[PDB]
Amino acid sequence: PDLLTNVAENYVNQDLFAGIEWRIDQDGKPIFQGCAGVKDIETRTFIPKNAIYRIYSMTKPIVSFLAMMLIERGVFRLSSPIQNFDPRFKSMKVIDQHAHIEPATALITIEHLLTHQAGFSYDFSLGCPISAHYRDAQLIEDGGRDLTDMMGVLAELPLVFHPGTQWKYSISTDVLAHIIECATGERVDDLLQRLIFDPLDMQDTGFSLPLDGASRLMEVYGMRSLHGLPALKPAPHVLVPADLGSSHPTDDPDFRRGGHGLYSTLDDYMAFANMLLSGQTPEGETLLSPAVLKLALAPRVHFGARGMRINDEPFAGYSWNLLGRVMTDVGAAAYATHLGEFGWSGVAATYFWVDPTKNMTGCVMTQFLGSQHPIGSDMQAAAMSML
Amino acid sequence: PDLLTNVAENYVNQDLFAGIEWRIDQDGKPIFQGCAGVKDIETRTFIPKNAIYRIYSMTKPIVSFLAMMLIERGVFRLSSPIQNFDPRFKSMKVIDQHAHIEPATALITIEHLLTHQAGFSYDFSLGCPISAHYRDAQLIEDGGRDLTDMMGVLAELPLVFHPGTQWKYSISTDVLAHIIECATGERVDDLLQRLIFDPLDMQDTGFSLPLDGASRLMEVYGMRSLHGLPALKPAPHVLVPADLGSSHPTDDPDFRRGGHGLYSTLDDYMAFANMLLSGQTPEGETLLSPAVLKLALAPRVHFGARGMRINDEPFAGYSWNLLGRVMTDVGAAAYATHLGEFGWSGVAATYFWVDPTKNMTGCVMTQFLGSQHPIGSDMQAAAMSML
Amino acid sequence: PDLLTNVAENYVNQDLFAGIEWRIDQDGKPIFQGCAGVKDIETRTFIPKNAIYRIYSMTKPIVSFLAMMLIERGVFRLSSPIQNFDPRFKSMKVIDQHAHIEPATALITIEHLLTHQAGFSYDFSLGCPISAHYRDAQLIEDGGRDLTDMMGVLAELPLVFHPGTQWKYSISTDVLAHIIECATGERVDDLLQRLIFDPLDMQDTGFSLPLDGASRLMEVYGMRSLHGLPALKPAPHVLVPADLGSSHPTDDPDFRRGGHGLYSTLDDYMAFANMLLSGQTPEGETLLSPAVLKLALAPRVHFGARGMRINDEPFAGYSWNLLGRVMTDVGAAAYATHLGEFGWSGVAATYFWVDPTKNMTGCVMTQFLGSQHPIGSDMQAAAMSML
Ligand SMILES: CCOC(=O)[C@@H](C)c1cccc(C(=O)c2ccccc2)c1
Ligand SMILES: CCOC(=O)[C@@H](C)c1cccc(C(=O)c2ccccc2)c1
Ligand SMILES: CCOC(=O)[C@@H](C)c1cccc(C(=O)c2ccccc2)c1
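Chains as they are written, first to last, in the deposited numbering: chain A, 2 to 388; chain B, 2 to 388; chain A', 2 to 388. A prime marks a further copy of an entry chain.
Next comes the structure, spelled out in structure tokens:
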């Protein structure tokens, strides 16, 4: 039975998601694919050809992969202190939950940024000692502010632990994008275009819409908390269009970020995921060598009893590598997977995975902010069960 | 020599405080007293007779003393669960710095409120997992909100540790004032009037100015942070009149709190401090029996090597009793004192102490919010050096 | 692209290294090789044919390999107490950072020497409880002193931990060379010649220059700290010829050491590295059996959270075996590698590796003391990326 269709259709029929697309490839070619629902429930327009999604933190594996290419090319290395490229990050301080502030005892490195061990936090982090000051500064909300300028504001705030000593999912991929710009003298969006998107023919992926993109953009549903104040409990899961404020412009030619902000399509993201099986384009051009791809995918952050968590949500059986999650214990996993399955996901419920043991990739595209329902993992589980 | 005058005149002559009054009594009679500076630097009006000060958390020993009287009279007991008097405090939750929320595993008691071990926080607590939600609710800022209603809003928010398991200086004295009202059916300001202020002849003490009070109210100086966002470093110490917003009304007949909000005078507060040497009025009427006064003053919360801290500011060598600080190790103390010295202080730099070994009481009144200079401790040390 | 050339040329063009040679072999034959820069910037003489390098601690894997040959031949064993061969090492003492001295509670063994777990330190060790006494004794500086005589002076000084209980990179390979002499009745340089260099046709490797060697010796650049006092921060990385004092003679026929002092060439060192893939010469003569080579290469010292460090510089993902470093966690590694990659390096920035998973060896020869730039690891990473 087509478990993937059953999951997606049940989600649409229960009024939980407006529209869903999915594709699963094996050996670089589609084996399962489908769509359910509509572009938007207001007009019930069908999902268009080459529909466009805000992929939020599925931007991070792309920007991280770019960083690995630059490491391979000698621009910087994992151990490089970021203050060597932007001195505004010299002399960081660390704050704790008891109001105590002290100088950081270790320099932030490229590796710390890629592993979320740098001590940064995030505006929406509930209970965080510093996230109120991120929100006051509007680091995420003010999407119109140039990346270079956002970093200057961020650099003045304290970290929430000494670099290297803990893990916390964070704005550090945005720092990484900025440090890439400092190190190369180029803009991160131009680098992504030349080094990744153009070689993989990802012609619909970028920080602004294509000229014909407005009619292809999927509507985004959900509730963003008033003033950005982190919610103490989930809002009701209701299909109401979300207000993104100025956080996610569609046609700002200077908007670029490391941790979110890309628009993409199912087809484009599958080209990226399939490349991660080998480090090569389908024509055989190498984007990253096998040795550095192995360095990027090896489990690098290991977690204690409570496991990997983001705002206390678990990622059971997962460790962290330089690009995102990686399954390191199927016996601890909460849904079907295989050892070494890796990938990431975004807050509008987009999700992808790469499963080297099956030469398999998969991606689910939808637009629902802060879903109470783990559609991405449900679709991965369905696809795993259908092999 | 008169070190007390020297300290006070130096502070005034360095443009650090506008006006200061102090008195030190021994055996219930004044032994040192003085005044320095002016009511306000704008007009340089002289400090009036019976000048009036916002005493902020010097409200807490008074409200705590009232609670001990009510315990003595059988209204409730230290072990009483506060949910027995207001069921809005049933089913509390606890939040941590990792965004994890769970049910409280102990009920909040009267003793927890008096010792700041209930798990409540404070709006201005820097780095606190929940203070951002206090600020969003304007618990402290909205002084026009009735105490009973402010408590309903607070009760819906999580604690930051399980009741009884830690110490954190907090809004719990306001909860105590509210629970007093629940338990007695009377208002806390009326109970304070009948049980404490009138027997001690504290005719100028209350939550609103006396009829002839506006001309005697000292000006308040200092910088309250924008939006109440807790500052990451001290603001420059400058004598600029402070803007209190709607947090501290002068003529609201329903304004009443437990942790702040009283107006008082040097002479009134000394009457209260002298009473704490015996539990008796000067006429010999008992406000609190010797046994319950001993219960209230005995060291009750003991601190680790980090010591007692508020927003990471230390109270070196102090433990906590049911009314405030108490000196338990002169060899750890950071300024002159004796074993058993007790008292408290307020954010506008008012300060008092009681020293049973010398039958001594002292009080410094001034108005500077968030002083970088610990005038209260400096004046205590001067008085200790003189006796 | 030729990443190796790009790295080397960038280092020369940025005035960071005078001259660099490299070679990478696979299956015993060169696959990548090159050179950049000059022998010396003063005259800009090109790097000569068979250029000679001071290889410093790349002496250690050679002397360690010699020790394994002697273990195989029954001269001594890993568990042999060194005091059995030189009684000046009976009755060692241990000093700590609190000035406390006590007798060592374990005897130093051959294995302790090969693993730097014997408790010795090094003259240049910053912050070390005993390195000031090494410097006073001029153990490293006085290169004219006979090895046998240096050992007598060293033997009178305390260790910095009990043998076997910790790891600290040390003068212990020099102790090993001396104990080899005691055990065999032969000089270490004669043993190296007969057992290793002559079988591998390493005709330019030794503790003094060949008769035609003076014109082939690469100039050495960098700053040695005045009086040998360990620096608190890196000196500026500037190409100024280094003053080696009497630490590294070119034509002393009795100069021999275990931890440094060899002159070699790229070609000679690659013959040694290639032999470590098999324990055999290219003609198939066995220098060390497969079983004892496996014993020598197996990870033997494992490190805690802070990892393997020398003067606080990290070797991320590396453990220690009887010959040097060995990669035991690619997920912790700071630059491209494979599980089981091993080798060592020297303070003038020479570096080599052996990668059994690729049947690969590599060596970078240059002369810069105390480089701020990890040229050896950069070149390894480049070569790994080019496979
Ligand atoms: C996957 C990428 O998520 C992010 O990193 C940032 C960019 C982000 C940006 C804008 C809006 C949100 C939320 O709507 C939200 C966050 C937390 C809880 C509920 C909703 C999150
Ligand atoms: C001593 C009693 O002050 C308190 O602890 C609480 C009751 C309180 C209540 C109302 C206003 C403020 C401030 O204005 C303020 C707090 C922190 C920094 C600067 C200003 C504080
Ligand atoms: C790899 C072999 O390093 C050694 O074991 C010893 C022989 C050594 C001998 C002579 C000079 C130096 C330094 O120049 C130096 C040491 C520490 C920091 C900066 C410079 C080191």
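Here a beta-carbon is modelled for each residue, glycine too, at the ideal position from N, C-alpha and C.
- For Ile376 of chain A, there is no enclosing beta strand (DSSP E); the residue is found in the alpha helix (DSSP H) stretching over 376–387.
- Take the alpha-carbon of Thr106 of chain B and the one of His113 of chain B: they are about 14 Å apart.
- Measuring C-alpha to C-alpha distances from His339 of chain B to each of B:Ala297, B:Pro357, B:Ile32 identifies B:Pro357 as the nearest.
- With fewer than 16 other Cβ atoms from the protein chains shown falling within 10 Å of its own Cβ, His303 of chain A counts as exposed.
- One finds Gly332, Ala333 in chain A' with Cβ atoms closer than 8 Å to the Cβ of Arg301 of chain A, taken in chain order.
- CA-to-CA, the gap between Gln139 of chain A' and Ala337 of chain A' works out to about 38 Å.
- DSSP places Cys129 of chain A' outside both helix and strand once states are collapsed to three, so it counts as coil.
- In terms of Cβ geometry, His238 of chain A' and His117 of chain A' do not form a close pair [threshold 8 Å].
- For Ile180 of chain A, the secondary structure class from DSSP, reduced to helix, strand or coil, is helix.
- With a threshold of 16 other beta carbon atoms within 10 Å, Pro88 of chain A' falls short and is exposed.
- Distance from the CA atom of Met93 of chain A' to the CA atom of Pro159 of chain A', rounded to whole angstroms, is 6 Å.
- Sequence-distant partners of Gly332 of chain A' (beyond 5 residues in either direction) whose C-beta falls short of 8 Å from its own C-beta, in its chain, are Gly318.
- DSSP, read as helix, strand or coil, puts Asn360 of chain A in coil.
- Taken from the Cβ of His228 of chain A, every heavy atom of ligand 1 lies 7 Å or farther away.
- Cα atoms of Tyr12 of chain B and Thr6 of chain B: separation of roughly 10 Å, rounded to the nearest angstrom.
- Contacts between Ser386 of chain A' and chain A, judged by CB atoms closer than 7 Å, involve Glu73, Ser290, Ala292, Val293 in chain order.
- Taken in chain order, the complete beta strand (DSSP E) segments of 3 or more residues contained in the segment 74–121 of chain B are 94–96, 102–104.
- Going by beta carbons, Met152 of chain A' and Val176 of chain A' fall inside the 8 Å limit.
- A:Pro164 is the residue among A:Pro164, A:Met276, A:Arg45, A:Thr46 whose C-alpha sits nearest the C-alpha of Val95 of chain A.
- The residues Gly144, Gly145, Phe208, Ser209, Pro250, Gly262, in chain order, have a CB closer than 8 Å to that of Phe256 of chain A' in the same chain once the five nearest residues on each side in sequence are set aside.
- Per DSSP, the unbroken alpha helix (DSSP H) holding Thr6 of chain A starts and ends at 4–14.
- Residues of the segment 115–140 of chain B that bring their beta carbon within less than 9 Å of a beta carbon in chain A comprise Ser126, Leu127, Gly128, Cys129, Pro130, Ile131, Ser132, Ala133, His134, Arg136, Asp137, in sequence order.
- For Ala292 of chain A' and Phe343 of chain A', the gap between their C-alpha atoms comes out near 17 Å.
- Not one heavy atom of ligand 3 lies closer than 7 Å to the C-beta of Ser171 of chain B.
- Across the structure, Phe66 of chain A' and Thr166 of chain A' are spaced so that their CA atoms are roughly 24 Å apart.
- Using a cutoff of 7 Å, the CB of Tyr57 of chain A counts as near ligand 1, since one of the ligand's heavy atoms is closer than that.
- Of the other Cβ atoms in all chains shown, 16 or more fall within 10 Å of the Cβ of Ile63 of chain B; this residue is therefore buried.
- Within chain A, the C-beta atoms nearer than 8 Å to that of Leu4 of chain A' come from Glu73, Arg74, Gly75, in chain order.
- Between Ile25 of chain B and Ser173 of chain B, the alpha-carbon positions lie close to 30 Å from each other.
- Around the beta carbon of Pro130 of chain A, a 10 Å sphere encloses 16 or more other beta carbons of the protein chains shown; the residue is thus reported as buried.
- For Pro159 of chain A, the closest Cβ of chain B is nearer than 8 Å.
- Distances from the CA of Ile109 of chain B to each of B:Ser80, B:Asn360, B:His99 were compared; the closest alpha carbon is that of B:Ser80.
- Annotation: Cβ neighbours of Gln98 of chain A in chain B (cutoff 9 Å, chain order): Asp97, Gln98, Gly128, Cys129, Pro130, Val161.
- The continuous alpha helix (DSSP H) containing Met271 of chain A' extends over residues 267–276.
- Within chain A', the residues placing a beta-carbon under 9 Å from that of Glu112 of chain A are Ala317, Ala335, ordered along the chain.
- When the Cα atoms are used, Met69 of chain B and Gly371 of chain A turn out to be separated by approximately 48 Å.
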